[PDB]
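Architecture and fold: a report
Residue-level listing of the chains:
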Amino acid sequence: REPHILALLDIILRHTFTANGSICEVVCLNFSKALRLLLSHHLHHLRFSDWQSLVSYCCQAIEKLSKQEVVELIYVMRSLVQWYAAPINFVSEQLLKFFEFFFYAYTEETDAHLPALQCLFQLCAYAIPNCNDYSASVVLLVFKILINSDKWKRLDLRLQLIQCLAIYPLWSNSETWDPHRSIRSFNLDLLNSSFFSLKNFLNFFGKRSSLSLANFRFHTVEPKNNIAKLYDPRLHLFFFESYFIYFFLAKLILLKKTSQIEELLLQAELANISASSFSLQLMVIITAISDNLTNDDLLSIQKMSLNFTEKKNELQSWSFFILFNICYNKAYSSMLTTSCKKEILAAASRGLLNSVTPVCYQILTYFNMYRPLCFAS
Amino acid sequence: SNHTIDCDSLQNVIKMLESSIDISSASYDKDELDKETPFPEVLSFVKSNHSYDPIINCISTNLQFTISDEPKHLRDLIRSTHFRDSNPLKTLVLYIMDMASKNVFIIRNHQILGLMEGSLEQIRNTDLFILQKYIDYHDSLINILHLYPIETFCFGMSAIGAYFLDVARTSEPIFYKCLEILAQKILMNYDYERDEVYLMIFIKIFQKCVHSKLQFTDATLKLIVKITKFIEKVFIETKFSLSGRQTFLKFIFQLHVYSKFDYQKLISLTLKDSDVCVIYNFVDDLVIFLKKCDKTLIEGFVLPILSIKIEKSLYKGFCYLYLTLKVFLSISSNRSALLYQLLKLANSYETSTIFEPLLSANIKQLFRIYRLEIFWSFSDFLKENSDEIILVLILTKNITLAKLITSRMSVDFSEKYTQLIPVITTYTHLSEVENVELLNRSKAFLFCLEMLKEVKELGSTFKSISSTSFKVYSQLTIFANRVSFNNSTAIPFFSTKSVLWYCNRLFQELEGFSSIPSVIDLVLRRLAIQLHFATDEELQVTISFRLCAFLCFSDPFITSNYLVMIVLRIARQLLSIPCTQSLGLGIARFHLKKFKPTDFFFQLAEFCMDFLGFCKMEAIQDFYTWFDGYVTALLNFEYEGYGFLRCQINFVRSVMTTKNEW
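Here we take up the overall build of chain B. Scanning chain B from N- to C-terminus turns up 37 helices and zero strands. Rg of the C-alpha trace for chain B: 34 Å, well past the compact-globule value of 26 Å for 662 residues, more than 25% over.

Residue and element names in this part refer to chain B. Here the aromatic rings of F623 and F627 are separated by 5.4 Å at their centres, their planes lie at 75°, and the arrangement is edge-to-face. Here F623 pairs with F627, and both are found in helix α36 (residues 617-635), just four residues apart, close to one helical turn. Arranged with centres 5.9 Å apart and planes meeting at 50°, the rings of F627 and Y630 form a pair that is tilted. Residue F627 and its partner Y630 are both found in helix α36; the two are separated by three residues, about one turn of the helix. Linked through ring pairs, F623, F627 and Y630 together constitute an aromatic cluster.

What follows covers the side chain of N650(B). All names here are of chain B. By secondary structure assignment, the location of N650 is in helix α37 (residues 645-653). Here the side chain of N650 touches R646 through a polar contact of 2.8 Å, landing on its backbone oxygen. Within the local environment of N650, its side chain forms a polar contact with the side chain of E661, the two groups lying 2.9 Å apart. When near neighbours in sequence (up to four residues on either side) are disregarded, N650 contacts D628, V655, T657 and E661.

Let's shift gears to the packing of helix α3 (residues 40-50) of chain B against helix α6 (residues 93-103) of chain B. Residues and elements named next belong to chain B. Look at α3 against α6: their axes get within 7 Å of each other, and the N-to-C directions meet at 10°. Between α3 and α6, the angle falls in the class roughly parallel. In terms of crossing hand, the pair formed by α3 and α6 is left-handed. Two secondary-structure elements touch here, α3 through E41, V42, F45 and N49 and α6 through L94, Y95 and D98. Residue composition of the contact of α3 with α6, grouped by class: four nonpolar, one polar and two charged.

Before going further, it helps to spend a moment on helix α13 (residues 273-290) of chain A. All names here are of chain A. Taking 1.5 Å per residue, 18 residues should reach 26 Å; α13 reaches only 21 Å between its end C-alpha atoms and comes up short. Of all the bends in α13, the greatest, near 65°, is centred on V284. The first or second residue beyond α13 is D291, which carries a positive phi of 55°.

Below, the discussion takes up the packing of helix α33 (residues 561-576) of chain B against helix α34 (residues 581-598) of chain B. All names here are of chain B. Packing of α33 against α34 brings their axes to within 9 Å, and their N-to-C directions diverge by 160°. The angle between the axes of α33 and α34 places the two elements in the roughly antiparallel class. At the point where α33 passes α34, the crossing takes the left-handed sense. Of the residues in α34, those touching α33 at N561, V564, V567, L568, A571, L574 and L575 are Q581, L583, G584, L585, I587, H591, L592, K594, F595 and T598. Residue classes in the contact of α33 with α34 are distributed as 11 nonpolar, five polar and one charged.

Before going further, it helps to examine the interface of chain B and chain A. Contact residues are listed per partner, giving 20 residues for chain B and 22 residues for chain A. Residue assignment for the side of chain B that touches chain A shows that the elements contributing at least two residues are α12 (190-194) and α15 (234-238) of chain B. The residue makeup of the side of chain B that touches chain A, split by class, is eight nonpolar, three polar and nine charged.

Let us now look at unusual backbone geometry. Notably, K224(A) is not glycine yet its phi reads approximately 65°, a positive angle. Looking at the element boundaries, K224(A) is found in the loop between α10 (181-198) and α11 (241-254). A positive phi angle, close to 60°, is found at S410(B), a residue other than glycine. Inspection of the secondary structure puts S410(B) in the loop between α26 (399-408) and α27 (413-431).

Reading the values: the criteria
- Residues numbered from 1 in each chain as written, not as in the entry; some residues may be left out.
- Chains lettered and ligands numbered in written order.
- Part of a larger assembly, values for the part shown.
- Heavy atoms only, no water.
- Residues with missing side-chain atoms left out of burial classes, pairs and counts.
- Helix = DSSP H or I, 4+ residues; strand = E, 2+ residues; numbered from the N terminus.
- Rg over C-alpha atoms; globule rule 2.2 N^0.38 Å.
- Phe/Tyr/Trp six-rings, centres within 6.5 Å; stacked < 30°, edge-to-face > 60°.
- Polar contact = N/O pair within 3.5 Å; in protein donor to acceptor, adjacent residues only side chain to side chain.
- Contact = heavy atoms within 4.5 Å.
- Axes fitted to C-alpha atoms, helices over the stretch in contact; angles between N-to-C directions.
- Parallel < 35°, antiparallel > 145°, perpendicular 65-115°, else oblique.
- Left-handed = near helix turned anticlockwise from the far one by under 90°.
- Nonpolar A, V, L, I, M, F, W, Y, C, P; charged D, E, K, R; others polar.
- Expected span 1.5 Å × (residues − 1).
- Bend = angle between axes of the 7 residues up to and from the residue.

Following this line, the structure appears as structure tokens:
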């Protein structure tokens, strides 16, 4: 019976509150998976008290942890996350207590720890305001795991690391509470390793421009944080979320200058394609924070024009992303830079006569559209 | 203006677009042409049926059907819509035959706990079934849903909306059949109907039906019994559902009727959830439930709900509690109690460390909160607070505890007693029932203590009928915009006749000293400033009732220019408060009557622009008639002539002012 199934799930959660000894419990893991197959969350026989018991059971099992038992713990974490009834602060505290022993011997690439990471992210989603100490500890652990994954060359690993880092106000708080700017430089280096991993054939180009259905400054997804609420809303339509994965991988270091990006722009102008893409991703949200000179903005616009004149698709796309950031920039661009961006948009519109060069209109949407405060003449 | 040539050009453009064939796009173009009209739709339907097999095409067709249903509610648009008349249902059967043919198919009750991948597909499928039923023209739909698989309706909540589409209120039999089908589904598969998502959707649909029509929630005893049985489930009893449970509690609070949820229970549930968003939403729901029912059970408990907890503040559960306390401070009832709760929760230090969490500086700060509200358990700022604290303790029964504290306070007991003697005699008069500048300041402090910390926090509108003149001033404050039987949260002490004795004592004390208009002016200004301009509505109304009662005890000497002027300034301050504007409108008129002979005028004319004609209308009309009489009284002599009040009152009264006076 399904109510009996939920009762058995509650009983198994209560039993898992103990360390369960050294038994492999492979058959127990299979039984738990079968129980979670139906009415895992979703049932009238489960209890919020039973949900708290399951959360404590997950914490205790992770404490006693270190194969089949790993899958059982992953299923328990998934069921606990499915339980919508749980105290956010208590859930975060229990998740941190479990994550202590979890990071004592952790495997981020393993899918068994993936449900644990998802449960920790669910706890931290509401734990940014509540119980910020355990949330900060979990954020530091997630940053270390993201660096470890970025060391690997798998594109999916880079995407998962970027998502875990964005799982992002906790990351911003940790960066603000980091011991020194050297920690920020180390985070930037880890994100650079992630971008290098994303340079493999398993991932698309990192320029991240001409996003599908990108309505600039229209709806949302400009700064990826409600508090920031920056301008230049870049929108993806998964036609693009496929490019937006690499865009977020780059924004792992582009969003924060590690955002005074004036000296960062001065020192990072290496004219590299990946560097150009990272700068383009950074500019739209860090223009005001950088407080760079108008000459710097004009030089960035000129570099974008030069890279767009290059026949390379990646360089031209990075230039288009930089131009889109400039058109809707948190800082006031120079009038000459604005005219140069208008000329670049005119060239893009001329190239739009050919169907291959949609991309042109999507690139610099705020420039393609009537950007606010621009001279009408 | 608009020209028919433009319409003809638009029609020609539509025809040209129809010529340029672009399946779903062609159907959308045909729908646009049909809308522009007030056949091609049949051709578009045939084209769609040529490729009706694909699932993506089916989802697109369902979305198009939803849009076509929206056309009756698009371009206002609910009624007299441009698109509703633009799109006619006539001759649509040929174009709907292919859609109906494609509509044929030939664990938890939600597809996904989070954002389901393509749940809009199932939602639009249910909407397209509803649109087909509507275009055809409710028990048949219920029977079809019962025969249909559970997962099909469980994928999207729109099916529940379809259940809301059926006339449950008009035909209670349909609702009973739906409830029986749900019970049978639960019996056959416990998890199929045991999921909180479907139950919450059904409860929300029932609440929406009750709110829309008075027929719903009446004669629904079987529905209420089924809802209680659903609440009788183990998960419902244990609240295993948090965002869903919070939403259900909020909906119950919004919906006066008998249920298993209460305001105190709602507050307890809000405090139970450690999520800040859920607690804030439940507090907002309770506040919405406020101002429409007695909130004494919540306002009284607000004061002790918030207390200092550094360990919880590290977990920020105390931060959520402080946010709830701030919300309750924004709530009208028991503003002083809310301020006391906030002060108790706050540490009175490290304000910059708090950095105004959840968005204090000047008025909402703990200092101003303690200034406006003083609560008794019964560094330099510490001593400043301890002065009033020891005043309270010597004003309290624990005399020996106060003496011990003063011995530990490095302050002599008699040193404070020299100035606290007036409070001593004040609360000795309070305890008994049914029975020269320094002295003037002492009697002023006694009058203030009669005004504040002694007057009932919930003062009854009705007053003592001991004095016929008191009834006269009660009439003068009740003939205009008066609402009687105005209650509040808590009553510390009521029916204090001793104040009248004070009115007799001051006139005979120290050759009339402490009965001067000046000292009562200081007392009234002190109490009005104690009413901070940012305080909530209920405390403002309570303080207004207090000062109106004090002006009732006031003598004719308060009719002097400065006294009455400060009185009307405070009255305008009350008028700015929305809830207390009713009382202020009434309390103004007598003070205008007293000021007008003394004003014989620039100040009177400047204050004349205090009307409500910009920003209960019958009460305002009565006050406008009174003001018309008053301004005619001012006009008959027209000594200064700078009032310009006749036209000013005529315009707001909505009486056609004459040209001559204009």
